[PDB]
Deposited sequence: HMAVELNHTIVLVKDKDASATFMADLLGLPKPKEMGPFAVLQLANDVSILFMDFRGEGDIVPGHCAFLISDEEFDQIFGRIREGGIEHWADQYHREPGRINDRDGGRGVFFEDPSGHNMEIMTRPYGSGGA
C-alpha cells in the first residue's frame, strides 16, 4: 500500500496542556496552534491534532504510541522517573513502575490521555 496517515485528531480535556507536555517530553519544538487544534508533528509525515473535549477522553487499553531511539528512551524515561510520572509496563496499566522488553527493545506506558513510548 501507498496510503499514508497524514493527521489524526485526539480528544483531550486540555489541548494546550497535552501538546506542550508531549512536545517537551519528546524533545519536539513548541506545538503550533491552528483553529481548534494544537498540532504535534512527528517525523513520519504525520501529526497529532489535539482538541479540547469535556467528555470521556481515553480508556485503556487505548493509547497513542511513539517509536523512539533507545538513547531517546533512556532520556525520556529518566524525566518520567524524575518528575514523578506514573508509568506501567503494559497497556492495561496493571504493572506500575516497570518497563517492558517486548521486541528486545524497551517500552513504557504513561499518562489523562494514554501514551506509549517504544524502541
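- The deposited sequence has C-alpha coordinates everywhere except the stretches 1, 113 to 115, 124 to 131.
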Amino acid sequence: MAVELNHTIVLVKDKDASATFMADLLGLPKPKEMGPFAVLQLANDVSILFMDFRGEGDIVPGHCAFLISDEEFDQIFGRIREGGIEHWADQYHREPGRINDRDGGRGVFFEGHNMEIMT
From here on, numbers count along this sequence of modelled residues.
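- The mean Cα B-factor in the deposited entry runs higher for 74 to 82 than for the other of 36 to 44 and 74 to 82.
- On average the C-alpha atoms of 49 to 57 have higher B-factors than those of the other stretch, with 84 to 92 and 49 to 57 being the two compared.
- Looking at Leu5, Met118, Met1, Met115, the one whose CA carries the top B-factor in the deposited record is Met1.
- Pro29: CA B factor lies in the highest third for its chain, per the PDB record.
- Compared with the other modelled residues of the chain, the Cα B-factor recorded for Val12 ranks in the highest third.
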